[PDB]
Structures are given as C-alpha cells and as structure tokens.
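Okay, structure first, notes after.
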Amino acid sequence: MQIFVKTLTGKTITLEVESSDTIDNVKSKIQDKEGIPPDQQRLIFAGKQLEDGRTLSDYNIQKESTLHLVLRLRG
Amino acid sequence: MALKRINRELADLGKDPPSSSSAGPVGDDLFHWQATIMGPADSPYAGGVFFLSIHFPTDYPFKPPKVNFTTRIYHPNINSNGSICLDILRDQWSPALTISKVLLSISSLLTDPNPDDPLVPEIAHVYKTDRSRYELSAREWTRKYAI
Amino acid sequence: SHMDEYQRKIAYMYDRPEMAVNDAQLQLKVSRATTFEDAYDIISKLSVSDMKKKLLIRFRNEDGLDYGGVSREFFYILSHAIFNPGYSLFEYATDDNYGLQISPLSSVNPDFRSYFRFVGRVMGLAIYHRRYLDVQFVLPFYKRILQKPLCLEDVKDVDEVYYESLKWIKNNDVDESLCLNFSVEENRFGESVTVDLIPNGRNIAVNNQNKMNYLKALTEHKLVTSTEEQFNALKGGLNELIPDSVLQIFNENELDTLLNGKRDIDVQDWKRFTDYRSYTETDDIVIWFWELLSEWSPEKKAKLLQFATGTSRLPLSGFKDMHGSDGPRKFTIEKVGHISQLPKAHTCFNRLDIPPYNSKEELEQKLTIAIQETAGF
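Chains as they are written, first to last, in PDB author numbering: chain B, 1 to 75; chain A, 1 to 147; chain C, 292 to 668.
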C-alpha cells in the first residue's frame, strides 16, 4: 500500500509499505528517503506513537494513512 | 483575537460539558480561569478532585496558557510547587488547540506518567523500579490531600 | 575568515575623517552610587562638538591611575543601569529567553523622548570611543538600526513560540473556528485596549485569502509599529554622533560584536550561583566539571549553557536572576542516571544530570559528545 508522512516542516513523504511491514522497516525507508536515523524518528498515527519492534497492522494503519513526524522533546 | 477566542472557548465549554472536567472564569475576569479535574478511575488517583489555575497570556492564542496545579499530587511529572511539564503547553502548541484539549491531555497524563521527563527524579525512579510502591504512595497522597 | 573582514571594516570605519577625536580632554565626574542620575544630567546637556573630544572619567572621592579601567567600569555600570528592565525603559522579550527590546509600556512616561535620546547618545559614545557595553539585544533591533526590512523569520529571535504559531498559521489552512481577526489586545497597566491592524479591523475574519496579509501586519506591528516614536528618538540620538553612512557597512552580527565586544560567559559567577541536588561542592565530579569549564573555549561553554538551560543568553545580572519556565530557578546539577548514560538536561528546569563518572577524561568526553547536536552563538 501507500502511506503519507507529514513532517514538522510541512514536507510530505510518500512511502510504499504494507500492513505487515514492521515499524523498523518503515523507519529504514524514511532514513533512506530523508537520512533521518530510525532512533530519531517519532511517528504518530491516530494519536499513538509508533514503536520499534511492532508492525503497522498493530496500529491499524490502512491504505493512504497519514502519519506525523515529530522531534525529540527536551523538558 | 485575545478576547473573542476566549469567549468562544467559554461558550463551547458551556454547551457540551465533558461531565468530568469543568472550567470557568474566577469572579469577573476573562484572563484567569479555574478548572476542576476528576481523578481518572483507571489510575491510582481515582476518586479524587484536583484544581488548576489557568492564566491566558495576552498573546493568546499564539502563546499557550500557563496551567498550575493547586492540590498536592504524588506524580513523577508534576513538581511540588504545582508546575506541569507537558509538551502540548510548552513546545507543541498550535492555535488550533483549545482549552478543553489541554484538560483532556492533563486527565490522560494523570493515568500514564511519562518517565522520559523525570521532573521529580526520585519519584520517577521509584515509578520505574517499584510500580506497586509508587501506586501505594500516590494513593496515600491522594487520600491525605485530595480528599 | 570572519575576523579578517571584520577587522578591515573596523579599521576603515575608524579611519574616516568624520570619526576622529580631538586633542582636548573632557572631564566627567559621576558618583558611584548615583551613576544613572548624574550620567543623564551631564550627557543629555553636552553638545555634539564637545562629545567628540577625548573622554576622561573620574569617580568622585575615588582617585586612581589607569583611567582606561575606570572608564570601562563606568560604561559597564551605565549600561547595566539604563538597560535594566526595572527602570521601565527596556524589557526582556521573554522571561525564559532574555532578549532586551524597547518596552511598549515606556510610552506611559510624560516624556520618553529625552531618556531615549540619552540612551542613543550613550550608545553612540560607546561606539565612538572604542568602549564596550555588556548588553545583548535581539537581532531585529540591530536590523532596525541599520534600516533593513523585517520579515517573518525575524520573529524567531524575539519569541520562539510566537514564531511557531505564525508559521503554523502560514502552513495549515485557517478555519472559521479560530476567532482570529485584525486586532491585537494589549494590557497596559490593568486596562486592556484594542489596536486595529487595518481600518475596521476588529470586524474582519482571516480567511485563506487574507492570512498572508494578517501575518505581514502582525509581524510589522510586533517588530516595528509598536515602538515608532521611542526608536525614532533613540536612532536620532545615536546618529547625532555616528553618521548613518558609517553604520551601513556592517550587518546584524558585526554591529553586535562592535557594541558588546567578543561575548563570553563568566565561570566564577556560574560557580558562585549554582546549586546541587544529591551532590556536594566537595565531590570529585563537581570540581572536575568546574575545572573543565575553566579551561574551555567560549563557543563550547555557550553550547553547554544552551544544552542545559535551554538558551545561550543570560540575564542582565548574571546567573543570580535566572528564570525558569515557572519561576526564578538557578543552574542545578543533579546526580541522575547510570555510568554509561550521557549527561542529560532538563531545559525547563535549568537542570543538568551528570552521572557519577570515574575519571575526569571520561567526564570531558561524555560531556563534549552529549552537546554536539546543540548550536551555541
């Protein structure tokens, strides 16, 4: 399937993924397309932050899903 | 924009109340609000009532309101004086956010403390080490103060 | 190199015939206690021709040699006096990010023009006689002095959250739910009044075809229009001595360097006005940290300060009057974490968590690694 990720800078990135794809695989795709390390990627979908070791299907990510990419908090 | 927005927020809160969290101006002033939050039933603070003081900066909605607790709460992410280290009120604030969203975020925080910001390092360490002891301490504090 | 071009510019500027000092000496006696009052009484009555002579300063009842140090101390005291927010002339842009700017409330005085002309004369005197103040204004102020256009990005230096909100309005579509209209509410001594960006501005909403004009008007009002008379008087006082054809060879950073010298962070004040949690002043980690800070470059010290506190700017009175996100909070050092973990920071609480390392070299390496992503100065 296809998903869209919108960054804090307003940039929209289209990713060709699957519901069975792991969060690590999508983070690797994001790193390949943008250079952002997977550890530094903070993806939010439907108010839930994606965590490493899980899959998109665990977060009910479906066709043409929109995710939000945020940065680390400070305090 | 700093007064019509506040009137709109108050009117919205006056139409469909959350039935748990309430907010309203204190006396006759539209820049100082009192809020009441009910303790979530799925968290150790269950059965308690907490008070918040909200100050709207004159740059509203471009700058987030300042929310401070009033009743003492044994929480890793709430300082003793009453400050709250919440991202929605510090860095990830946008004009679209209303005051009801802040209350919902705080009511959610009262159930899932964030250990990545140990505002009280001792209590956060206790939470990350002995969950049962932390819950017992939180319930004891709620009984002592919130009741 | 930045330094070579700046040095060439300074030499060319001071080589001009329009900024040449005379031979006669002008005395200026000011009491140490009442520096501001006497400074305003004497400076605000001098003439342009008189102010171009050599400046000689003698504090009353304090006779000594090395008049250069005396003059530098006098300028330091005067700069920390006139630019003090408690005097209701300037104000910090934000409590948690200390950036001086002209206070809109300063118009409440019966005649602010005299005081702001005095401030302009003081700045012109400091630039003219190769003496440095010790203040740190916001970049929009310097851009205004050089008469440069001010755009949206310039709000980033003043206030971060305001700039983020403006950028969000620019990017996302503005709906009718947001009760935003062409009006700004300002609270001046209790009473709140409305200022209309455009005529009949309080009855016009911001659609998707107007939000650009709304952002332009908001930026212009926040940065310029709210301080027209006061800044005009200040710039008149400044240009009384320094012709504007001279200031227009610098930029917003070289002018800051010229006014305030090479900015540096004192370490003695930092050590004297800190506090520890679970740490004692006799602990080995603390003394190793202070030695490392002593033998460090200014850029790296600024980077550490921004990493820990959250900003590289300090209040006008050092670390003593340091404000957190809630109230006055001093630089705190706490023992939190495991040995392997890097030294962490809590910016909204001005706190630095340094785990108990074993050797000073390891502490230096971990501390340097943990601040690389942070940019200072």
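From the three backbone atoms N, C-alpha and C, an ideal C-beta is built for every residue, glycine too.
- Nearest C-alpha to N25 of chain B among B:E51, B:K6, B:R74, B:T9: B:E51.
- For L337 of chain C, there are no CB contacts under 6 Å within the same chain when 5 residues up- and downstream are skipped.
- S483 of chain C sits in a strand when the DSSP states are folded into three classes.
- In terms of Cβ geometry, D450 of chain C and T385 of chain C form a close pair [threshold 7 Å].
- The C-beta distance from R620 of chain C to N388 of chain C rounds to 14 Å, too long to fall under 8 Å, and the pair is not in contact.
- Just measuring C-alpha positions, the residue of C:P490, C:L317, C:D575 sitting nearest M342 of chain C is C:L317.
- In terms of CA proximity to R8 of chain A, C:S468 leads the group C:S468, C:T510, C:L607, C:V515.
- Around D117 of chain A, the beta-carbon contacts reaching into chain B at under 8 Å are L73, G75.
- In the structure shown, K336 of chain C falls within a coil segment according to DSSP collapsed to helix, strand and coil.
- Its Cα nearest to that of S517 of chain C, the residue C:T485 stands out among C:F541, C:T485, C:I576, C:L319.
- Taking the CA atoms as reference points, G39 of chain A sits about 24 Å from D617 of chain C.
- Just measuring C-alpha positions, the residue of C:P376, C:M414, C:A417 sitting nearest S397 of chain C is C:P376.
- The region 459 to 479 of chain C and the region 83 to 99 of chain A touch, with no fewer than 3 CB-CB distances between them shorter than 8 Å.
- Look at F381 of chain C here: in three-state DSSP terms it is strand.
- Chain-ordered, the chain A residues with CB closer than 8 Å to the CB of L469 of chain C read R5, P61, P95, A96.
- Only residues of its own chain outside the window of five on either side were considered, and among them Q318, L319, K320, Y358, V361 have a CB closer than 8 Å to the CB of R349 of chain C, listed in chain order.
- Neighbours of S83 of chain A across chain C, judged by C-beta separation under 8 Å: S616, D617.
- Judged by DSSP in its simplified three-state form, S569 of chain C adopts coil rather than helix or strand.
- When DSSP states are grouped into helix, strand and coil, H420 of chain C belongs to the coil group.
- Close CB contacts of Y433 of chain C within its chain, under the 7 Å cut and outside five residues either way in sequence, are with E543, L546, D547 (chain order).
- Pairing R412 of chain C with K562 of chain C, the inter-Cα distance amounts to about 36 Å.
- For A23 of chain A, the enclosing beta strand (DSSP E) begins and ends at 22 to 25.
- Taking a Cβ-Cβ threshold of 7 Å, the residues of chain B close to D87 of chain A are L73, in chain order.
- For the options C:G667, C:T623, C:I576, the alpha carbon positioned closest to that of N641 of chain C is the one of C:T623.
- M1 of chain A has a beta carbon lying within less than 7 Å of a beta carbon in chain C.
- Restricting attention to alpha helix (DSSP H) runs no shorter than 4 residues, the region 351 to 409 of chain C encloses them at 358 to 373, ordered along the chain.
- The residues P44, in chain order, have a CB closer than 7 Å to that of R139 of chain A in the same chain once the five nearest residues on each side in sequence are set aside.
- One Cα belongs to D116 of chain A, the other to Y406 of chain C, and the distance between them is close to 49 Å.
- Contact with chain A is absent for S603 of chain C, since none of that chain's Cβ atoms lies less than 7 Å from the residue's Cβ.
- In the three-state DSSP reduction, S603 of chain C falls in the coil class, being neither helix nor strand.
- The Cβ of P121 of chain A sits closer than 7 Å to at least one Cβ of chain C.
- Listed along chain A is no residue with a C-beta nearer than 8 Å to that of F541 of chain C; the closest approach is about 32 Å.
- The C-beta of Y367 of chain C comes no closer than 7 Å to any C-beta of chain A.
- For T14 of chain B, the number of other beta carbons within 10 angstroms of its own is below 16, and it is reported as exposed.
- As the crow flies, the alpha-carbon of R323 of chain C is around 23 Å from that of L550 of chain C.
- The beta carbon of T58 of chain A sits closer than 7 Å to those of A2, all from its chain and outside the five residues before and after it, given in chain order.
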